[PDB]
Amino acid sequence: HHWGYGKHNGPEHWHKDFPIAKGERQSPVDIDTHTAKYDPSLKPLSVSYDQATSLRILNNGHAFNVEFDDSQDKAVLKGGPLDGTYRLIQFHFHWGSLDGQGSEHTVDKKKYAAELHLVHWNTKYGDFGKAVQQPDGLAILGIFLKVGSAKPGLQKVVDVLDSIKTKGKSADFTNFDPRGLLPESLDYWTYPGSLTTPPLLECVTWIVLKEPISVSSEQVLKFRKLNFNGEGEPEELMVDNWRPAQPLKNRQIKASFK
Ligand SMILES: [Zn+2]
């Protein structure tokens, strides 16, 4: 009876195994754009992905992860609210069964069709497992997806999904350039939060871009053909793998822009 996104093991159940689910800095949250404070002390974000080395794509039963070589400073996030250097380890998405839902963060209660998470860890902690135990261990760059025109840079991802339909399947995925998934503007909101899947650890500096990327209906439809289940198990479509907004509590969301 592992955690998941179903009726009997979904987000409202997670707290039983993971009490931090009801903690003080849980994610995602609603971003109230009128209450977010412009912060002039924020530096411009630095996304250096030119030397990124993608390795593999994995269906892990709750999403698919595009994994990167993080044994060197190759694809790094710096600046903005961050002190030091954070290395890209993987990216993944959350999406809905319908275009009107799927994102984890919301903007003035608006849900997007999906949300991309580029997950980075603080190099001062040596590796990902140590980093998740620190309050400043991770930096996750969140990017909203809306349905409209296709995103050409996403197509290589969509086309390999057939080969990893079910839980536990992986495929070689080299030479993928994550720069093709970024919107034009790097304007962002930022706040301290958590992983949005168990273990829900409170180790994340969230950086959520204001500008969504557009993907096509055909692209998101292919996300929705994935399976939560393993091969030879009853088919359950991998859809609605998002956690809803959690209480902001004692936090202020800061904006890099006015
Ligand atoms: Zn995520």
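Reading the values: rules and limits
- Residues numbered from 1 in each chain as written, not as in the entry; some residues may be left out.
- Heavy atoms only, no water.
- Helix = DSSP H or I, 4+ residues; strand = E, 2+ residues; numbered from the N terminus.
- Rg over C-alpha atoms; globule rule 2.2 N^0.38 Å.
- Contact = heavy atoms within 4.5 Å.
- Areas by Shrake-Rupley, 256 points an atom, 1.4 Å probe, with all protein chains shown as cover.
- Polar contact = N/O pair within 3.5 Å; in protein donor to acceptor, adjacent residues only side chain to side chain.
- UniProt positions renumbered as here; feature names shortened; annotations may be inferred.
- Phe/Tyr/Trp six-rings, centres within 6.5 Å; stacked < 30°, edge-to-face > 60°.
- Buried < 20%, exposed > 50% of the residue type's maximum accessible area, 1.4 Å probe, protein only.
- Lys NZ or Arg CZ within 6 Å of the ring centre and 35° of its normal.
- Pairing = 2+ DSSP bridges.
- Salt bridge = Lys/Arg side-chain N within 4 Å of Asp/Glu carboxyl O.
- Core = buried A, V, L, I, M, F, W, Y, C linked by side-chain atoms within 4.5 Å.

Looking at the method and resolution fields of the entry, one finds X-ray crystallography and 1.5490 Å.

Let's shift gears to the overall build of the protein. Within the protein one finds three helices and 15 strands. For 258 residues, the compact-globule estimate of 2.2 N^0.38 gives 18 Å, and the C-alpha radius of gyration of the protein, at 17 Å, lies within 12% of that figure. On the principal axes, the C-alpha backbone points of the protein span a range of 55 × 40 × 40 Å. Residue pairs in contact within the protein that sit at least 24 positions apart in sequence constitute 71% of those at least 6 positions apart. Of the roughly 11800 Å² of accessible surface on the protein, a fraction of 49% belongs to carbon and sulfur atoms.

Here we take up the side chain of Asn-229. By the secondary structure assignment, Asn-229 is in the loop between α3 (217–223) and β15 (254–255). Side chain to side chain, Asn-229 and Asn-227 meet in a polar contact 3.4 Å long. Within the structure, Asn-229 has its side chain in polar contact with the backbone nitrogen of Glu-236 (distance 2.8 Å). When sequence neighbours within four positions are dropped, the list of residues in contact with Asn-229 reads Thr-166, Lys-167, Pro-234, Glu-235 and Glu-236.

UniProt's entry tags residues 1–257 with the feature "domain: Alpha-carbonic anhydrase", counted in the numbering of this structure. For the annotated span residues 1–257, helix accounts for 7% and strand for 29% of the residues, and the straight-line distance between the end C-alpha atoms is 44 Å.

Before going further, it helps to spend a moment on the packing of aromatic side chains. As enumerated under the stated definition, the model contains 15 aromatic pairs in all. Note on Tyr-5 and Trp-14: the rings are 5.6 Å apart at their centroids and 75 degrees apart in plane angle, and the pair reads as edge-to-face. The exposure class of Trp-14 is buried, given its relative accessible area of 2%. Taken together, the aromatic side chains of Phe-64, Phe-68, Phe-91, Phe-93, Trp-95, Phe-173, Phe-176 and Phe-223 make up a single cluster linked through ring pairs. When the ring centre of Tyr-112 is taken as origin, the NZ or CZ atom of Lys-110, which lies over that ring, is 5.0 Å away.

Below, the discussion takes up the pairing of strand β13 (residues 204–209). Within β13, six of the six residues are buried, leaving the element largely enclosed by the surrounding structure. Burial along β13 is two-sided: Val-204, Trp-206 and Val-208 facing one way and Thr-205, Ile-207 and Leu-209 facing the other are all buried. Where strand β10 (residues 138–147) meets β13, five bridges bridge the pair, whose relative direction is parallel. What sits directly across from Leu-141, in β13, is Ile-207. Sheet topology note: the strand β12 (residues 188–193)/β13 ladder contains six bridges and is antiparallel. Bridged to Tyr-188 within β13 is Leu-209.

Our focus in this paragraph is the pattern of salt bridges. Inspection of the entire model under this criterion finds 11 salt bridges. In this structure, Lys-249 and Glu-24 form a salt bridge, with 3.8 Å as the shortest nitrogen-oxygen distance. Here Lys-249 is found in the loop between α3 and β15, whereas its partner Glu-24 is found in the segment before β1 (30–31), with 225 residues between them in sequence.

Structurally, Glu-235 is set in the loop between α3 and β15. On a C-alpha basis, the gap between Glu-235 and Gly-137 in space is 36 Å, while along the polypeptide they are 98 residues apart. Ignoring any residue separated from it by four or fewer positions in sequence, one finds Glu-235 in contact with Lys-165, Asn-227 and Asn-229. A distance of 3.0 Å separates the side chain of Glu-235 from the side chain of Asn-227, its partner in a polar contact.

This next bit is on the nonpolar core. Counting residues in hydrophobic clusters, the biggest one holds 47 residues, and the most contacted among them are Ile-57, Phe-64, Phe-91, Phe-93, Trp-95, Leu-118 and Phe-223. Elements that contribute at least two residues to this core include exactly β5 (64–68), β7 (86–95), β9 (114–122), β10, α2 (155–160), β13 and β14 (213–215). Residue contributions to this core peak at five residues, all from β7. When sequence neighbours within four positions are dropped, the list of residues in contact with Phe-223 reads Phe-64, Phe-93, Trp-95, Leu-145, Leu-154, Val-158, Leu-161 and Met-238.

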